[PDB]
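If you want the building blocks of each chain, they are given just below.
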Amino acid sequence: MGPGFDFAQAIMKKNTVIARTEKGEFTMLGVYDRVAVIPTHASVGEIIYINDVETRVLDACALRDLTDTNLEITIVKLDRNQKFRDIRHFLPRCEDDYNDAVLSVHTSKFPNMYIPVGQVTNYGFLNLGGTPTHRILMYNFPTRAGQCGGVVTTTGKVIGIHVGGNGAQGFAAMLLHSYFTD
């Protein structure tokens with residue numbers, strides 16, 4: 001409808017796949033080469049389905065901060081025959097608050113879904129499903145089941161991936177440029 005949705009659509013069309021684990025179907029953001037991200041609660045194993053194709057996982061790392069606190073981001077390297085467009089220059093360098101964000105989802109259940117979530121707060125600490133979690137972003141939308149892994153963008157930045165909600169608020173794990181230096 002406007003330039004927020006335009007940036008979100010550009011990311012979804014080239015940089016997302018549908019990931020399936022034993023814990024469900026997730027929106028999965030491809031960042032560069034064969035490297036993608038997914039919520040840690042997807043419990044990625046040795047094999048994952050990518051757009052319904054059996055795919056070997058070459059590496060999977062559940063990120064934690066230097067206090068050994070969960071960040072809820074898993075970085076996955078996929079044994080895929082094709083690279084993602086490199087979008088690392090759209091990742092923030094620092095923790096921040098944002099205006100006018102869009103949450104975008106692409107699954108069998110929710111195809112081509114875009115939600116204008118508005119203002120995004122650097123919330124910080126969240127007890128997420130009983131697990132102490134850091135670097136949480138918060139937005140005021142009744143976010144449901146089937147949204148996990150959804151991409152949070154502003155015009156020009158890819159800032160997080162949806163990891164939960166409490167019925168009134170939704171929560172995303174930050175993406176930072178420093179996670180994807182090689």
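(A) A look at unusual backbone geometry. The residue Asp 68 is not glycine, and still its phi comes out positive at about 60 degrees. Residue classification places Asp 68 among the exposed positions, given a relative accessible area of 53%. Unusually for a residue other than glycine, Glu 72 sits at a positive phi of about 75 degrees. Positionally, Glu 72 belongs in strand β6 (residues 70-78).

(B) Seen up close, helix α1 (residues 3-15). Helix length check: α1 (13 residues) gives 18 Å between terminal C-alpha atoms against 18 Å at 1.5 Å per residue, within 8%. Residues of α1 that are buried: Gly 4, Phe 7, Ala 8, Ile 11, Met 12 and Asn 15. The buried residues of α1 all sit within an arc of 130 degrees when viewed along its axis, so they share a single face. Relative to its buried face, α1 has exposed residues pointing more than 90 degrees away, namely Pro 3, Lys 13 and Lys 14. The inward-facing, buried residues of α1 abut β1 (16-21), β2 (24-32), β7 (98-105), β8 (113-128), β10 (151-154) and β11 (157-165).

(C) Fine view of the packing of aromatic side chains. This structure, assessed with the given rule, holds three aromatic pairs. A centroid spacing of 5.3 Å and a plane angle of 85 degrees characterise the contact between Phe 7 and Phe 90, whose relative ring orientation is edge-to-face. Remark: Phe 90 occurs in the loop between β6 and β7 and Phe 7 occurs in helix α1; sequence separation between them is 83 residues. Taking the centre distance of 6.4 Å and the plane angle of 70 degrees together, the rings of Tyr 179 and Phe 180 count as edge-to-face. No difference in accessibility class separates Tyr 179 from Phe 180, as the two residues are buried.

(D) Molecular detail of the pairing of β11. Burial analysis of β11 places seven of its nine residues in the buried class, the great majority of the element. Strand direction decides the pairing type here: β11 and strand β12 (residues 170-174), joined by five bridges, are antiparallel. By the bridge assignment, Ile 161 is partnered in β12 with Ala 173. If you look at the hairpin formed by β11 and β12, you'll find four residues sitting between the two strands, and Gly 167 has a positive phi there, around 90 degrees.

Conventions adopted
Residues numbered from 1 in each chain as written, not as in the entry; some residues may be left out. Heavy atoms only, no water. Buried < 20%, exposed > 50% of the residue type's maximum accessible area, 1.4 Å probe, protein only. Helix = DSSP H or I, 4+ residues; strand = E, 2+ residues; numbered from the N terminus. Expected span 1.5 Å × (residues − 1). Arc of directions from axis to C-beta. Contact = heavy atoms within 4.5 Å. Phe/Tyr/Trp six-rings, centres within 6.5 Å; stacked < 30°, edge-to-face > 60°. Pairing = 2+ DSSP bridges.

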